[PDB]
Every structure is written in C-alpha cells, then in structure tokens.
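> What follows is a structure written as structure tokens; I'll ask about it next.
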Amino acid sequence: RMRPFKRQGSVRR
Amino acid sequence: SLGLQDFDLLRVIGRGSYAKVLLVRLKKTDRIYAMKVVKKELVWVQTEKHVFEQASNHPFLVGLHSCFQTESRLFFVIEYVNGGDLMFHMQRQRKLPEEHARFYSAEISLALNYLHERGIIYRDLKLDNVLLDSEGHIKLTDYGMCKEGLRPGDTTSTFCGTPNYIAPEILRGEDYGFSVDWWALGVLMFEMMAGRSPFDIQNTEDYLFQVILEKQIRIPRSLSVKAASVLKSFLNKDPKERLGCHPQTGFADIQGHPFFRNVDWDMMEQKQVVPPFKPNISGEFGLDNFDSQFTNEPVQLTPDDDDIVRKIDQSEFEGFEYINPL
Ligand SMILES: Nc1ncnc2c1ncn2[C@@H]1O[C@H](COP(=O)(O)OP(=O)(O)O)[C@@H](O)[C@H]1O
Ligand SMILES: [Mn+2]
Ligand SMILES: [Mn+2]
Ligand SMILES: [Mn+2]
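Protein chains in written order, with PDB author numbering: chain F, 2 to 14; chain A, 248 to 290, 298 to 455, 464 to 588.
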C-alpha cells in the first residue's frame, strides 16, 4: 500500500 | 477473575508491535469493549496495569475495565472508542486546519498534564495512540512505554517510543523527564497542520535518527505566525529551552502561548468545547472508522505452540487478574 501517513510500531531497547 | 469465556469476539480492530486489539462484548451485561491482547513471548505489567487504573478517572484517557490472562497471552479489557484514531482520520483528511489541530492538541495537553502531574511519562504520543470518540473528542490509549513513579525532579534513561516521535534527548543518550511528551506533541502538531511528518519529507532508521537530531524543521509558508512559533517552541532540540519543559511553569507556558490563546482550558477539560469534526459512525459498531486491513482478518485467536509457550516464566504474571470496582 501507499499512504500519506504510515503506521509505525513502537520500539523499546 | 474474568476470562475469555465471558467475552464475545466480534471483530479485529487493531494491530501493533506488542498487541492485537479486538472488538469484544461482555456476554453477561451486553456492554461493548475493546480488548488489548498481548502475547507473553514479547513480554512493565506493574506499570501498564496501574496506568490503565489511573486513566479510568479522566475524560481524555482510555479506562481499564478488567484484566485477565491465559497461558500464552495477556488481556486488557478497556473502553471502545468507536470513532477510530487520528492516523486513520489523517490519511483521509491529509491535512488539518489550525483550528482543528489546536482543539486536539489542547485536549491532549490536558491529558498529558494529568499524567505528568501523577508521575507518569506517556512516551508514546503518536497518531495511532490518540482515538476519536463518537462525539468528536479524543482519548489516549496504549500505555506500553509509560514510566511510573516520577517524583519531582526525576529522570529515566530508557530508549523507547515510536521512531518518528523519539525526542533528541533520547537520541543523545541523555537522561530525560516529561520533556519527551511535549516533543512528541510537537511532532504530532506538525503532522496535523503541515500534513507530513517534519522528518520524513546509518541509512534508513538511523537516517531518520540523524535527521531528527541534525535536520532543521522547515515550517511551510502557509502556516500562521502563531502556529509556526508553537511548533518551533515544541520542536526545540534543547529540552531546557522547550515549551512545557519549564520547571513549575510548564503547563502554564503552554496555556499562555499565542497559539493556545483565546482557548478556554477549563471548558475544554469539562468537555464543553464543540469538536470541529464529528466522526461518521458507519457500519456495525462504527467499524467503518477502522482500517479494513484488520477488520477483514478472521475474528479468532492465533493457535498456540506448546513448545514456545512452555518457556514462559509464569511467576511474573501472578497478580494480573483484575476487575475494576466502578
Ligand atoms: N480502546 C480502544 N478503542 C478503539 N481502538 C483502539 C483501542 N485501543 C487500541 N485501539 C486501536 O488498536 C491499535 C493498536 O493498539 P495499541 O493499544 O496501540 O497496541 P500496540 O501497543 O501493540 O500498538 C491502535 O492504532 C488503535 O487504533
Ligand atoms: Mn498504538
Ligand atoms: Mn504499546
Ligand atoms: Mn471547520
């Protein structure tokens, strides 16, 4: 898919 | 304690890096909720539960109904916000007027302050984690990065958050406080009004990390002088110079800024301001306000692997069972 805003997952390290 | 046998599985409404969110119904009392399903192979637990507890007594926070667990998963029964999230309602709108962004960020600011003044650092403010209700207001969900126990003047060092929203303080390996939530609100407000992340338009995620640290935020010429100044004051790379990061005078500074002037914060806290956008609750339970990549997945739970689930140290989830007593 191609969209203006992309779903980003949170990171923890 | 409640259980999976007491809930009706309706639809899959969300997915993240830690959990799968399902639309559920308590079979006994016909009430409609959302259920955050967290697998224990990824997995805090003291913090995310206790933060859902606090959030239940606030208008702009998602509240906790009950907690229960299975051999493979952890379940969070929370409220159901049937208008979707800001991300969904931003890929359609593509860009918001400053009057609209001011409304959402003001309500977020109040919710954030309530967390800040209780010792909690949200540390994951993004489009996905803000939801629109049936009337047009907002609610904050997903407290996976939340910190707990911040007595006045404390700092933490955990590298966490969403890659686009991580504050420079974290990127510089510094200790940080609530300052990281007002940076994310800055990045969020930039997305609402400009229509694009201020960092998107060693080489792909660490490229963003250097951009976030070295690149300059370029406000488009179509924005107002008050909007420009509220972004430059929230996206200030120096936490000691940022808006809202003013010891004792933090929230007051955010309420006194030209952008957040002419705004009534006490009517806003009391849900007396009229939303600029009222969600179009279409479909069953308002499911046309959620992406079809999730509402088309089969409504079920993924089968278990007795070889993978036999490694989980279940002596860390002892007191997870919980039922909110009103
Ligand atoms: N109470 C809720 N009501 C409606 N939608 C929700 C609710 N909680 C989560 N969601 C949806 O689920 C998605 C991901 O859930 P989230 O709690 O962020 O899990 P993760 O921590 O895995 O990202 C969000 O983008 C949001 O749209
Ligand atoms: Mn989320
Ligand atoms: Mn999370
Ligand atoms: Mn309007």
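C-beta atoms are modelled at their ideal positions from N, C-alpha and C, and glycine is treated no differently.
In chain F, what lies closer than 7 Å to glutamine 345 of chain A by C-beta?
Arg4, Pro5, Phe6
> For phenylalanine 413 of chain A, does the count of other Cβ atoms within 10 angstroms reach 16, so buried, or fall short, so exposed?
Taking all protein chains in view, the Cβ of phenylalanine 413 of chain A is surrounded by fewer than 16 other Cβ atoms within 10 Å, so the residue is classified as exposed.
> Would you grab the beta carbon distance between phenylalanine 314 of chain A and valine 535 of chain A for me? Rounded to a whole angstrom, and I think it's under 8 Å.
About 12 Å separates the two Cβ atoms, so there is no contact after all.
> Please list the segments of the alpha helix (DSSP H) lying wholly inside the region 311-343 of chain A, counting only runs of 4 or more residues, in order along the chain.
none
> Strictly below 9 Å CB to CB, what residues from chain F border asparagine 558 of chain A?
Around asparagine 558 of chain A, no beta-carbon contact reaches into chain F at under 9 Å, the shortest distance being about 13 Å.
> Determine, using beta carbons only, whether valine 305 of chain A and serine 320 of chain A come nearer to each other than 8 Å.
no
> Using a C-beta to C-beta distance shorter than 8 Å, which residues of chain F count as neighbours of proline 417 of chain A?
Think of a sphere of 8 Å around the beta carbon of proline 417 of chain A: the chain F residues whose beta carbon falls inside it are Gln9, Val12, in chain order.
> Using C-beta distances below 6 Å, list every residue in its chain close to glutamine 323 of chain A, excluding the 5 sequence neighbours before and after it, in chain order.
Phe579, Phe582
> Which residues in chain F have a C-beta closer than 7 Å to the C-beta of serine 264 of chain A? List them in chain order.
For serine 264 of chain A, the chain F residues whose C-beta falls within less than 7 Å of its own C-beta are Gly10, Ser11, listed in chain order.
> Give me, in chain order, the residues of the same chain whose beta-carbon lies closer than 8 Å to that of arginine 278 of chain A; leave out the 5 immediate sequence neighbours on both sides.
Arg272.
> Can you confirm whether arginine 348 of chain A, when its beta carbon is compared against all beta carbons of chain F, has any partner nearer than 8 Å?
yes
> For my contact list, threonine 416 of chain A and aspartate 378 of chain A are in at a C-beta cut-off of 8 Å; report their separation, rounded to the angstrom.
6 Å
> I'd like to confirm something about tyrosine 265 of chain A: is its beta-carbon nearer than 7 Å to some heavy atom of ligand 3, or not?
When distances are taken from the beta-carbon of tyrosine 265 of chain A to the heavy atoms of ligand 3, the shortest one is below 7 Å.
> When you compare the CB of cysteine 400 of chain A with every CB in chain F, is at least one pair closer than 8 Å?
no
> Any beta-carbon of chain F closer than 8 Å to the one on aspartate 378 of chain A?
yes
> Among residues of its own chain, excluding the 5 on either side of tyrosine 430 of chain A, which ones have a beta-carbon nearer than 7 Å to its beta-carbon?
So the list reads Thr409, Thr410, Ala421, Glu423, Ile424, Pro501, once near-sequence residues are dropped.
> Could you tell me whether the region 363-372 of chain A touches the region 507-516 of chain A, using the rule of 3 or more Cβ pairs below 8 Å?
yes
> Assuming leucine 442 of chain A contacts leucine 385 of chain A under a Cβ cut-off of 8 Å, what Cβ separation, rounded to an integer in Å, is found between them?
Incorrect: roughly 14 Å between the Cβ atoms, too far for contact.
> With 8 Å set as the bound, which would you pick, yes or no: does the beta-carbon of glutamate 445 of chain A sit closer than that to a beta-carbon of chain F?
yes
> Please confirm whether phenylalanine 552 of chain A has its beta-carbon closer than 8 Å to some beta-carbon of chain F.
no
> Just to make sure I have the definition right: I need the residues of chain F whose C-beta is within less than 8 Å of the C-beta of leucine 381 of chain A. Which are they?
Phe6
> Would you verify that the beta carbon of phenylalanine 413 of chain A is, or is not, closer than 8 Å to some beta carbon of chain F?
The beta-carbon of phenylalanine 413 of chain A is placed less than 8 Å from the nearest beta-carbon of chain F.
> Whole-angstrom Cβ separation of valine 285 of chain A and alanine 266 of chain A, contact assumed at under 8 Å?
4 Å
> Within the same chain, show all residues whose beta-carbon is closer than 7 Å to that of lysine 499 of chain A, passing over the 5 residues directly before and after it, in chain order.
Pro422
> Hey, could you find the ends of the beta strand (DSSP E) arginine 272 of chain A is sitting in?
266-273
> Looking at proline 541 of chain A and ligand 4, is the gap between the Cβ and the nearest heavy atom below 7 Å?
no
> Is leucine 269 of chain A closer than 8 Å to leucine 256 of chain A when the C-beta atoms are compared?
yes
> With a threshold of 7 Å, establish whether the CB of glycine 250 of chain A neighbours any heavy atom of ligand 1.
Checking every heavy atom of ligand 1 against the Cβ of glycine 250 of chain A, none is found closer than 7 Å.
> Taking the CB atoms as reference points, tell me whether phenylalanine 547 of chain A and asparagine 336 of chain A lie closer together than 8 Å.
yes
> Ends of the alpha helix (DSSP H) at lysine 494 of chain A?
It spans 487-496 - the alpha helix (DSSP H) in which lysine 494 of chain A sits, taken as one unbroken run.
> For the alpha helix (DSSP H) that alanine 309 of chain A lies in, which residues bound it at each end?
300-309
> Please report the residue range of the beta strand (DSSP E) in which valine 525 of chain A lies.
No beta strand (DSSP E) contains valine 525 of chain A, which DSSP labels as neither H nor E.
> Within 10 angstroms of its Cβ, does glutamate 445 of chain A collect 16 or more other Cβ (buried), or is it exposed?
With 16 or more other Cβ atoms from the protein chains shown falling within 10 Å of its own Cβ, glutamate 445 of chain A counts as buried.
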